[PDB]
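Below is the file my_file_2.cif, which contains mmCIF, C-alpha atoms and all ligand atoms.
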```
data_query
#
loop_
_atom_site.label_atom_id
_atom_site.label_comp_id
_atom_site.auth_asym_id
_atom_site.auth_seq_id
_atom_site.Cartn_x
_atom_site.Cartn_y
_atom_site.Cartn_z
CA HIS A 515 0.00 0.00 0.00
CA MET A 516 3.11 2.19 0.31
CA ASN A 517 4.16 1.39 -3.26
CA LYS A 518 5.21 3.93 -5.89
CA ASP A 519 2.10 3.08 -7.91
CA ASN A 520 0.16 3.97 -4.82
CA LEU A 521 1.45 7.51 -4.10
CA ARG A 522 -1.19 10.22 -3.56
CA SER A 523 -0.92 13.85 -4.69
CA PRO A 524 -1.91 16.04 -1.71
CA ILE A 525 -4.23 19.03 -1.71
CA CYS A 526 -3.05 22.59 -0.92
CA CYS A 527 -5.53 25.45 -0.49
CA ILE A 528 -4.64 29.11 -1.06
CA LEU A 529 -6.36 31.48 1.35
CA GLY A 530 -6.05 35.17 2.09
CA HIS A 531 -7.74 38.53 2.26
CA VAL A 532 -9.13 40.02 -0.96
CA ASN A 533 -6.55 41.09 -3.58
CA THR A 534 -3.51 39.85 -1.68
CA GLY A 535 -2.24 38.00 -4.79
CA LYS A 536 -3.52 34.40 -4.46
CA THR A 537 -4.48 34.05 -8.13
CA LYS A 538 -1.55 36.18 -9.32
CA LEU A 539 0.89 33.78 -7.58
CA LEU A 540 -0.73 30.81 -9.29
CA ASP A 541 -0.72 32.61 -12.64
CA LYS A 542 3.05 33.20 -12.29
CA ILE A 543 3.59 29.50 -11.55
CA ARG A 544 1.24 28.27 -14.33
CA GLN A 545 2.31 31.00 -16.81
CA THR A 546 -1.37 31.92 -17.24
CA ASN A 547 -3.50 35.05 -17.07
CA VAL A 548 -6.56 33.96 -15.15
CA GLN A 549 -6.56 37.10 -12.92
CA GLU A 550 -6.74 39.46 -15.91
CA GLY A 551 -9.85 37.62 -17.15
CA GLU A 552 -11.70 37.83 -13.86
CA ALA A 553 -14.71 40.08 -13.54
CA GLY A 554 -13.68 42.87 -11.18
CA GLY A 555 -10.28 41.25 -10.85
CA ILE A 556 -11.74 39.08 -8.08
CA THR A 557 -12.02 35.34 -7.74
CA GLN A 558 -15.64 34.16 -7.30
CA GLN A 559 -15.33 30.35 -7.49
CA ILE A 560 -13.05 27.58 -6.21
CA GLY A 561 -10.42 26.80 -8.83
CA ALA A 562 -8.23 23.76 -9.06
CA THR A 563 -4.83 23.31 -10.73
CA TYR A 564 -2.78 20.14 -10.78
CA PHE A 565 1.04 20.52 -10.57
CA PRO A 566 3.04 17.40 -11.52
CA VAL A 567 6.14 16.97 -9.41
CA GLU A 568 8.32 17.43 -12.55
CA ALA A 569 7.09 20.99 -12.81
CA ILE A 570 7.56 21.61 -9.09
CA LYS A 571 11.20 20.35 -9.30
CA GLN A 572 11.86 22.73 -12.20
CA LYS A 573 10.26 25.76 -10.53
CA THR A 574 12.28 25.16 -7.32
CA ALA A 575 15.61 24.47 -9.07
CA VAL A 576 17.06 27.87 -8.15
CA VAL A 577 16.72 26.98 -4.48
CA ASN A 578 17.78 23.36 -5.00
CA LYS A 579 20.75 23.89 -7.30
CA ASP A 580 22.63 20.70 -6.66
CA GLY A 581 19.48 18.69 -7.30
CA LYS A 582 19.60 16.90 -3.99
CA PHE A 583 16.33 17.88 -2.17
CA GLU A 584 14.24 14.72 -2.13
CA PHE A 585 10.79 15.02 -3.74
CA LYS A 586 8.53 12.23 -2.63
CA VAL A 587 5.10 13.49 -3.75
CA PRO A 588 3.99 12.71 -7.31
CA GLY A 589 2.43 16.17 -7.57
CA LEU A 590 0.14 18.59 -5.80
CA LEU A 591 -3.44 19.80 -6.39
CA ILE A 592 -3.75 23.47 -5.59
CA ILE A 593 -7.21 24.95 -4.79
CA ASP A 594 -7.58 28.72 -5.33
CA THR A 595 -10.32 30.47 -3.29
CA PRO A 596 -12.00 33.88 -3.20
CA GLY A 597 -10.82 36.49 -0.73
CA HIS A 598 -13.85 38.75 -1.10
CA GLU A 599 -15.85 38.82 2.10
CA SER A 600 -19.06 37.50 0.49
CA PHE A 601 -17.51 34.09 -0.30
CA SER A 602 -16.92 32.70 3.21
CA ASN A 603 -18.78 29.53 2.14
CA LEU A 604 -16.16 28.81 -0.52
CA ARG A 605 -13.23 29.50 1.77
CA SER A 606 -14.74 27.08 4.24
CA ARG A 607 -15.25 24.48 1.49
CA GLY A 608 -11.71 24.86 0.21
CA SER A 609 -10.21 24.74 3.67
CA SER A 610 -12.20 21.57 4.47
CA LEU A 611 -10.74 19.85 1.41
CA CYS A 612 -7.09 20.64 1.86
CA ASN A 613 -4.28 18.79 3.60
CA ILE A 614 -1.94 21.79 3.71
CA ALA A 615 -2.32 25.47 2.84
CA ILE A 616 -0.69 28.71 1.74
CA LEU A 617 -1.99 31.80 3.61
CA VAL A 618 -1.27 34.90 1.52
CA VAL A 619 -0.56 38.14 3.46
CA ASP A 620 0.18 41.41 1.62
CA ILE A 621 3.42 42.57 3.23
CA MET A 622 2.25 46.17 2.80
CA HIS A 623 -0.94 45.65 4.79
CA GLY A 624 -0.33 42.82 7.21
CA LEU A 625 -3.21 40.79 8.61
CA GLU A 626 -6.65 41.87 7.38
CA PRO A 627 -10.16 40.64 8.21
CA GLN A 628 -10.31 37.67 5.82
CA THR A 629 -6.81 36.76 6.94
CA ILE A 630 -8.25 36.37 10.46
CA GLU A 631 -11.20 34.36 9.06
CA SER A 632 -8.74 32.11 7.20
CA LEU A 633 -6.63 31.65 10.32
CA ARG A 634 -9.73 30.43 12.22
CA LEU A 635 -10.36 27.89 9.41
CA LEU A 636 -6.72 26.73 9.52
CA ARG A 637 -6.65 26.60 13.33
CA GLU A 638 -9.89 24.61 13.49
CA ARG A 639 -8.60 21.80 11.29
CA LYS A 640 -4.95 21.94 12.52
CA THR A 641 -3.94 22.44 8.89
CA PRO A 642 -0.16 22.84 8.31
CA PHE A 643 0.40 26.07 6.43
CA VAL A 644 3.07 28.44 5.17
CA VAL A 645 2.56 32.23 4.79
CA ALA A 646 3.34 33.86 1.48
CA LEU A 647 4.29 37.35 2.53
CA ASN A 648 3.41 38.74 -0.89
CA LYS A 649 4.11 41.95 -2.85
CA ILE A 650 7.75 42.47 -1.83
CA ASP A 651 8.35 44.34 -5.10
CA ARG A 652 6.34 47.16 -3.46
CA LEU A 653 9.15 47.77 -0.94
CA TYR A 654 10.39 51.09 -2.22
CA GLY A 655 13.46 50.66 -4.43
CA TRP A 656 13.19 46.87 -4.74
CA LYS A 657 15.52 45.59 -7.49
CA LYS A 658 14.17 42.42 -9.12
CA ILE A 659 15.63 39.35 -10.72
CA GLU A 660 12.74 37.47 -12.31
CA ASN A 661 11.92 34.14 -10.60
CA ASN A 662 14.88 34.29 -8.22
CA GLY A 663 15.03 32.71 -4.81
CA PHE A 664 14.29 35.18 -2.08
CA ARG A 665 17.61 35.13 -0.26
CA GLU A 666 19.68 35.75 -3.39
CA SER A 667 17.56 38.71 -4.37
CA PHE A 668 17.40 40.08 -0.83
CA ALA A 669 21.20 40.14 -0.61
CA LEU A 670 21.33 42.53 -3.62
CA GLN A 671 18.93 45.13 -2.15
CA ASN A 672 19.99 48.53 -0.84
CA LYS A 673 20.04 49.24 2.89
CA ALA A 674 16.76 51.16 2.87
CA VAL A 675 14.93 48.25 1.26
CA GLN A 676 16.47 45.77 3.69
CA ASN A 677 15.42 48.00 6.61
CA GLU A 678 11.90 48.38 5.30
CA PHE A 679 11.58 44.64 4.78
CA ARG A 680 12.68 43.92 8.35
CA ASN A 681 10.35 46.57 9.76
CA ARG A 682 7.33 45.13 7.95
CA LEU A 683 8.32 41.58 8.78
CA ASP A 684 8.58 42.40 12.51
CA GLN A 685 5.11 44.00 12.41
CA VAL A 686 3.55 40.95 10.75
CA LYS A 687 5.23 38.65 13.26
CA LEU A 688 3.70 40.61 16.09
CA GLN A 689 0.32 40.42 14.43
CA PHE A 690 0.56 36.66 14.11
CA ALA A 691 1.55 36.39 17.77
CA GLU A 692 -1.54 38.39 18.71
CA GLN A 693 -3.59 35.72 16.88
CA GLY A 694 -1.76 32.96 18.78
CA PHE A 695 0.71 31.91 16.05
CA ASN A 696 4.47 32.13 16.47
CA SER A 697 6.01 32.72 13.12
CA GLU A 698 9.51 32.93 11.75
CA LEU A 699 11.09 34.10 8.51
CA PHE A 700 11.43 30.73 6.77
CA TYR A 701 15.20 30.38 6.95
CA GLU A 702 15.15 31.46 10.60
CA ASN A 703 12.59 28.86 11.61
CA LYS A 704 14.17 26.25 13.87
CA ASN A 705 10.87 24.51 14.57
CA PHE A 706 9.19 23.68 11.28
CA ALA A 707 6.82 21.29 13.04
CA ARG A 708 5.26 23.98 15.26
CA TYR A 709 6.12 27.46 14.01
CA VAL A 710 4.69 29.08 10.92
CA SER A 711 7.22 29.88 8.19
CA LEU A 712 6.98 33.26 6.48
CA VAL A 713 8.20 33.21 2.91
CA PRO A 714 8.43 36.61 1.10
CA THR A 715 7.17 36.54 -2.46
CA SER A 716 6.29 38.66 -5.40
CA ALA A 717 3.71 37.32 -7.83
CA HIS A 718 4.74 40.06 -10.22
CA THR A 719 8.47 39.22 -10.36
CA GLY A 720 8.29 35.56 -9.31
CA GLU A 721 10.85 36.13 -6.55
CA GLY A 722 10.40 33.89 -3.53
CA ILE A 723 7.98 31.60 -5.39
CA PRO A 724 10.74 28.93 -5.65
CA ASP A 725 11.07 29.06 -1.87
CA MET A 726 7.29 28.92 -1.38
CA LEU A 727 6.97 25.83 -3.62
CA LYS A 728 9.79 24.05 -1.84
CA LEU A 729 8.16 24.79 1.53
CA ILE A 730 4.76 23.44 0.57
CA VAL A 731 6.41 20.18 -0.54
CA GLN A 732 8.16 20.15 2.84
CA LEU A 733 4.75 20.63 4.53
CA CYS A 734 3.41 17.62 2.68
CA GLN A 735 6.40 15.50 3.44
CA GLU A 736 7.21 16.59 7.01
CA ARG A 737 3.98 17.85 8.64
CA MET A 738 1.01 16.27 6.87
CA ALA A 739 0.02 12.85 8.22
CA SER A 740 2.23 10.34 6.38
CA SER A 741 -0.78 8.12 5.58
CA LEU A 742 -1.99 10.94 3.25
CA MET A 743 1.08 10.36 1.04
CA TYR A 744 -0.56 7.15 -0.21
CA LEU A 745 -3.94 6.29 -1.77
CA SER A 746 -6.61 4.76 0.42
CA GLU A 747 -10.40 4.68 0.29
CA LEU A 748 -12.13 6.89 -2.24
CA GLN A 749 -13.25 10.30 -1.10
CA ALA A 750 -14.69 12.87 -3.47
CA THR A 751 -16.70 16.10 -3.27
CA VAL A 752 -18.92 17.88 -5.80
CA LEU A 753 -17.83 21.53 -6.33
CA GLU A 754 -20.28 22.61 -8.94
CA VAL A 755 -22.94 21.47 -11.32
CA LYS A 756 -22.60 23.03 -14.74
CA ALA A 757 -24.06 22.72 -18.22
CA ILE A 758 -21.44 22.78 -20.94
CA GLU A 759 -21.47 22.40 -24.69
CA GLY A 760 -21.63 18.83 -25.96
CA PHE A 761 -21.34 17.16 -22.57
CA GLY A 762 -24.57 18.51 -21.12
CA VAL A 763 -25.00 18.82 -17.34
CA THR A 764 -21.69 17.92 -15.78
CA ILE A 765 -20.21 18.04 -12.28
CA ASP A 766 -16.83 19.37 -11.23
CA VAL A 767 -15.45 17.20 -8.46
CA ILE A 768 -12.46 17.27 -6.12
CA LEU A 769 -11.17 13.70 -5.97
CA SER A 770 -9.52 13.76 -2.51
CA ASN A 771 -8.51 10.11 -2.18
CA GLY A 772 -8.74 6.86 -4.09
CA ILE A 773 -9.13 6.41 -7.82
CA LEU A 774 -11.93 7.25 -10.28
CA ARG A 775 -12.48 5.37 -13.52
CA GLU A 776 -14.44 5.93 -16.71
CA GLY A 777 -17.62 3.89 -16.58
CA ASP A 778 -17.73 3.84 -12.75
CA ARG A 779 -21.17 3.53 -11.13
CA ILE A 780 -21.34 6.63 -8.89
CA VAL A 781 -23.80 7.75 -6.23
CA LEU A 782 -24.21 11.27 -4.93
CA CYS A 783 -26.76 13.60 -3.36
CA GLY A 784 -29.41 15.31 -5.49
CA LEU A 785 -32.19 17.77 -4.72
CA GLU A 786 -34.81 14.98 -4.88
CA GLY A 787 -32.69 12.23 -3.37
CA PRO A 788 -29.72 10.13 -4.35
CA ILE A 789 -28.48 10.17 -7.92
CA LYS A 790 -27.06 6.94 -9.29
CA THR A 791 -25.36 7.07 -12.68
CA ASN A 792 -22.28 6.00 -14.69
CA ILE A 793 -19.30 8.11 -15.65
CA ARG A 794 -19.43 8.68 -19.45
CA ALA A 795 -16.36 10.89 -19.50
CA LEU A 796 -13.78 11.49 -16.81
CA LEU A 797 -12.12 14.78 -17.72
CA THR A 798 -9.33 16.98 -16.49
CA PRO A 799 -7.72 20.15 -17.73
CA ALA A 800 -4.20 20.01 -19.07
CA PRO A 801 -1.62 19.93 -16.24
CA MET A 802 -1.04 23.39 -14.74
CA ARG A 803 -4.33 24.67 -16.17
CA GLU A 804 -7.43 25.52 -14.23
CA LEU A 805 -10.55 23.62 -13.66
CA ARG A 806 -12.62 26.83 -13.24
CA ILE A 807 -11.69 27.96 -16.79
CA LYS A 808 -13.16 26.59 -20.00
CA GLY A 809 -10.42 24.95 -22.07
CA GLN A 810 -10.01 21.71 -24.02
CA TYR A 811 -10.40 18.67 -21.77
CA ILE A 812 -8.30 15.59 -21.47
CA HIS A 813 -10.24 12.31 -21.34
CA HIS A 814 -8.97 9.63 -18.92
CA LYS A 815 -9.66 5.98 -18.28
CA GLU A 816 -8.35 6.52 -14.72
CA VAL A 817 -7.66 9.48 -12.40
CA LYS A 818 -5.73 9.00 -9.16
CA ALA A 819 -6.12 11.36 -6.20
CA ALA A 820 -5.93 14.19 -5.65
CA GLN A 821 -7.25 15.89 -8.73
CA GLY A 822 -9.96 18.21 -9.93
CA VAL A 823 -12.12 16.38 -12.45
CA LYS A 824 -15.15 17.04 -14.57
CA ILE A 825 -17.59 14.17 -14.91
CA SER A 826 -20.10 13.74 -17.71
CA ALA A 827 -22.94 11.34 -16.86
CA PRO A 828 -26.69 11.22 -17.40
CA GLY A 829 -28.99 12.37 -14.63
CA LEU A 830 -26.79 14.93 -12.86
CA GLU A 831 -29.46 17.64 -12.85
CA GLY A 832 -29.83 18.80 -9.25
CA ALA A 833 -26.62 17.30 -7.95
CA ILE A 834 -25.83 19.20 -4.77
CA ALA A 835 -22.60 21.23 -4.41
CA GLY A 836 -20.64 19.97 -1.40
CA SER A 837 -22.13 16.45 -1.80
CA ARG A 838 -19.86 13.48 -1.30
CA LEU A 839 -19.55 11.05 -4.21
CA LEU A 840 -19.14 7.28 -3.92
CA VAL A 841 -18.35 4.45 -6.33
CA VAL A 842 -20.33 1.20 -6.29
CA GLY A 843 -17.77 -1.59 -5.90
CA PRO A 844 -18.06 -5.34 -6.58
CA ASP A 845 -18.98 -6.05 -2.98
CA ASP A 846 -21.39 -3.10 -2.65
CA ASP A 847 -25.15 -3.13 -2.97
CA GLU A 848 -26.00 -0.19 -5.19
CA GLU A 849 -29.19 0.59 -3.20
CA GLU A 850 -27.36 0.38 0.16
CA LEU A 851 -24.78 2.89 -1.13
CA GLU A 852 -27.49 5.40 -2.06
CA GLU A 853 -28.40 5.65 1.61
CA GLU A 854 -24.80 5.97 2.82
CA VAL A 855 -23.94 8.97 0.63
CA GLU A 856 -26.77 11.18 1.96
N1 LIG B 1 2.98 44.80 -7.06
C1 LIG B 1 2.41 43.60 -6.87
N2 LIG B 1 1.10 43.47 -7.16
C2 LIG B 1 0.49 42.29 -7.00
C3 LIG B 1 1.25 41.14 -6.50
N3 LIG B 1 0.40 40.11 -6.43
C4 LIG B 1 -0.80 40.55 -6.85
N4 LIG B 1 -0.74 41.84 -7.18
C5 LIG B 1 -1.85 42.66 -7.68
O1 LIG B 1 -2.88 42.69 -6.71
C6 LIG B 1 -4.15 42.69 -7.37
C7 LIG B 1 -4.95 41.50 -6.85
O2 LIG B 1 -4.33 40.30 -7.27
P1 LIG B 1 -5.20 38.96 -7.29
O3 LIG B 1 -4.36 37.88 -7.92
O4 LIG B 1 -6.55 39.26 -7.86
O5 LIG B 1 -5.36 38.66 -5.72
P2 LIG B 1 -6.30 37.53 -5.08
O6 LIG B 1 -5.83 37.34 -3.67
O7 LIG B 1 -6.36 36.35 -5.99
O8 LIG B 1 -7.73 38.28 -5.07
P3 LIG B 1 -9.18 37.63 -4.73
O9 LIG B 1 -9.15 36.24 -5.27
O10 LIG B 1 -10.12 38.54 -5.46
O11 LIG B 1 -9.31 37.67 -3.24
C8 LIG B 1 -3.87 42.58 -8.86
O12 LIG B 1 -3.87 43.89 -9.42
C9 LIG B 1 -2.47 42.02 -8.91
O13 LIG B 1 -1.79 42.39 -10.11
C10 LIG B 1 2.67 41.36 -6.21
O14 LIG B 1 3.37 40.43 -5.79
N5 LIG B 1 3.16 42.58 -6.42
MG MG B 2 -8.04 35.33 -6.70
NA NA B 3 -8.55 39.77 -6.80
#
```
Could the structure of this file be written out as structure tokens, please?
Ligand SMILES: Nc1nc2c(ncn2[C@@H]2O[C@H](COP(=O)(O)OP(=O)(O)OP(=O)(O)O)[C@@H](O)[C@H]2O)c(=O)[nH]1
Ligand SMILES: [Mg+2]
Ligand code: NA
Amino acid sequence: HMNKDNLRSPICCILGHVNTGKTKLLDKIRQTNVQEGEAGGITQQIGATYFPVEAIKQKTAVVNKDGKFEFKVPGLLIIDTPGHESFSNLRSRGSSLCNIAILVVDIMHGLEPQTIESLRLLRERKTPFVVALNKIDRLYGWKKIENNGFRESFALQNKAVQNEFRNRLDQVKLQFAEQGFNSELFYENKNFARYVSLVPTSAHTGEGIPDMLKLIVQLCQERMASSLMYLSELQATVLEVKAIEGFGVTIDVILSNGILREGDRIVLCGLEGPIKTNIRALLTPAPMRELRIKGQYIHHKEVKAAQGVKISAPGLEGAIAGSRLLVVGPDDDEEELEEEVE
């Protein structure tokens, strides 16, 4: 059960106050422009992006130059969430699905109200998280090197910029302490298991993103329960029901554990009772592309967890967002499963 063909990709949520740079960070990693396409420049839905470990290794190379950091995960599913205050339901849903998280804090503003909301969500579930202390390019006089590691860029800054960085860092540390979190600049953290690491980033220049990606792998590998590194019983959650061209009424699903297969008999909650149907198409986006954006879909015979998938199947009208989804196995009674899922 701990075999290479049984590794699980964990789930990381991004959380943070409105406009702190959650989507912009993911756009820099993906090399996409989702944020520019958003109405109002604000995220209004949960979005999912799968990052294969190959891509993570490449995007952390500048802080792993000798190639010796050991990557154990096969990849990571990252769930983007709204910061706008009206979407607390979606932050709660995203937080409930993740195994680890990134909390984005604008270094220029510190902790803000939806930061405090997000901290309550993280606290409640004992979720391991790192803080992306974002927007460092706004420190006055910041000199960038695109996609550099933070420490190498920080060493090239003038004294005023270094002073300003430390002043803002010390303020944010105090704010975290007021909320009951002891936090450390990531390379000053001597207790990774119990203290929150602060990793300075810019989504505009890419600086510090290599450090942030390395740290979330370290969260998976060193803080997340080790059992969650491997696949066990299926767990899946409906995010949305949506009509799309050619496929009809589909569901978007976060596959949290186990394996889904084309043709599977699935059961889930509907407005009038359980829905029982068969997967006609099991779809994902391309790697490093979003689920919440229309694009061309990849069809799979099999999808291993975690992933964001789109399922086409008859009868999904009235599927309920937040519903669990189960697969009828050989030893299952299809009617008995209907009752379990609700
Ligand atoms: N200068 C600078 N601007 C940034 C950075 N990150 C994000 N921004 C800007 O901040 C604004 C908000 O960015 P978003 O990516 O929408 O932030 P978000 O946290 O995803 O916002 P919501 O999802 O709406 O809560 C945009 O204008 C970004 O270009 C950064 O590192 N530096
Ligand atoms: Mg966003
Ligand atoms: Na925004």
- [ ] Select the residues contacting ligand LIG 1 (chain B) at a distance of at most 7 Å, based on only C-alpha atoms and all ligand atoms, then format the selection as a PyMOL selection string.
- [x] chain A and resi 530-539+549+555-557+595-598+648-652+715-719
How close does region 560-675 of chain A get to region 729-752 of chain A? List, as JSON lines, each residue of region 560-675 of chain A within 8 Å, its nearest atom pair and the distance in Å to one decimal, counting only C-alpha atoms.
```
{"residue": "A:585", "atom": "CA", "partner": "A:731", "partner_atom": "CA", "distance": 7.5}
{"residue": "A:586", "atom": "CA", "partner": "A:735", "partner_atom": "CA", "distance": 7.2}
{"residue": "A:587", "atom": "CA", "partner": "A:743", "partner_atom": "CA", "distance": 7.0}
{"residue": "A:613", "atom": "CA", "partner": "A:738", "partner_atom": "CA", "distance": 6.7}
{"residue": "A:614", "atom": "CA", "partner": "A:733", "partner_atom": "CA", "distance": 6.8}
{"residue": "A:615", "atom": "CA", "partner": "A:730", "partner_atom": "CA", "distance": 7.7}
{"residue": "A:616", "atom": "CA", "partner": "A:730", "partner_atom": "CA", "distance": 7.7}
{"residue": "A:642", "atom": "CA", "partner": "A:737", "partner_atom": "CA", "distance": 6.5}
{"residue": "A:643", "atom": "CA", "partner": "A:733", "partner_atom": "CA", "distance": 7.2}
{"residue": "A:644", "atom": "CA", "partner": "A:730", "partner_atom": "CA", "distance": 7.0}
```
Return as AutoDock Vina command-line options the centre and edge lengths, in Å with one decimal, of the box along x, y and z that encloses every atom of region 756-766 of chain A in the file, padded by 6 Å per side.
```
--center_x -20.9 --center_y 20.1 --center_z -18.6 --size_x 20.2 --size_y 17.9 --size_z 26.7
```
TODO: Tell me which of A:854, A:678, A:725, A:550 sits closest to ligand MG 2 (chain B), counting all atoms listed in the file.
DONE: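 Among the listed residues, A:550 lies closest to ligand MG 2 (chain B).
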- [ ] Could you tell me how far CA of residue 604 (chain A) lies from CA of residue 559 (chain A), in Å and to one decimal?
- [x]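 CA of residue 559 (chain A) lies at a distance of 7.2 Å from CA of residue 604 (chain A).
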Open item on the list: Just to confirm, what's the straight-line distance from CA of residue 804 (chain A) to CA of residue 594 (chain A) in Å (one decimal)?
Closed with: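 CA of residue 594 (chain A) lies 9.5 Å from CA of residue 804 (chain A).
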- [ ] Measuring atom to atom with only C-alpha atoms, identify which of A:619, A:543, A:768, A:780 is nearest to residue 848 (chain A).
- [x]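 Using only C-alpha atoms, residue 848 (chain A) sits closest to A:780.
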Task: Two-atom distance - CA of residue 668 (chain A), CA of residue 726 (chain A) (Å) - done: 15.1 Å
Task: Closest of A:788, A:762, A:655, A:608 to residue 849 (chain A) - atom-to-atom distances counting all atoms listed in the file - done: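 Among the listed residues, A:788 lies closest to residue 849 (chain A).
A search radius of 12 Å centred on (-30.0, 16.3, -9.9), applied to all atoms listed in the file, returns the residues residues 752, 754, 755, 756, 763, 764, 765, 781, 782, 783, 784, 785, 786, 787, 788, 789, 790, 791, 827, 828, 829, 830, 831, 832, 833, 834, 835 and 837 of chain A.
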List as a short mmCIF file (atom, residue, chain, number, x, y, z; two decimals) with C-alpha atoms, in the frame of the given file the protein and nucleic acid residues near residue 811 (chain A), meaning an atom at most 6 Å away when all atoms listed in the file are counted, but skip any in the same chain fewer than 4 places from it.
```
data_model
loop_
_atom_site.label_atom_id
_atom_site.label_comp_id
_atom_site.auth_asym_id
_atom_site.auth_seq_id
_atom_site.Cartn_x
_atom_site.Cartn_y
_atom_site.Cartn_z
CA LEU A 797 -12.12 14.78 -17.72
CA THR A 798 -9.33 16.98 -16.49
CA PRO A 799 -7.72 20.15 -17.73
#
```
Open item on the list: Just checking: using all atoms listed in the file, which residue out of A:529, A:793, A:851, A:576 ends up closest to ligand MG 2 (chain B)?
Closed with: A:529
Task: Pick from A:773, A:753, A:631, A:558 nearest to ligand NA 3 (chain B), counting only C-alpha atoms and all ligand atoms - done: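 Going through A:773, A:753, A:631, A:558 one by one, the smallest distance to ligand NA 3 (chain B) is for A:558.
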Open item on the list: Could you check which residues have any atom within 8 Å of (-6.8, 20.8, 4.3), counting all atoms listed in the file with coordinates taken straight from the file, and then list them as a list in words?
Closed with: residues 525, 526, 527, 608, 609, 610, 611, 612, 613, 614, 615, 636, 639 and 641 of chain A
Open item on the list: Nearest residue to ligand MG 2 (chain B) out of A:836, A:721, A:806, A:662, using only C-alpha atoms and all ligand atoms?
Closed with: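 Selected residue with least distance to ligand MG 2 (chain B): A:806.
Those residues that approach residue 606 (chain A) to within 9 Å, counting all atoms listed in the file, are residues 601, 611, 632 and 635 of chain A; same-chain residues fewer than 5 positions away are not listed.
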Let's have the selection written as a compact mmCIF listing (two decimals), keeping the file's coordinate frame, with C-alpha atoms.
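Output below, filename part_11.txt:
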```
# COMPACT_ATOMS: atom_id res chain seq x y z
CA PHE A 601 -17.51 34.09 -0.30
CA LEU A 611 -10.74 19.85 1.41
CA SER A 632 -8.74 32.11 7.20
CA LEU A 635 -10.36 27.89 9.41
```
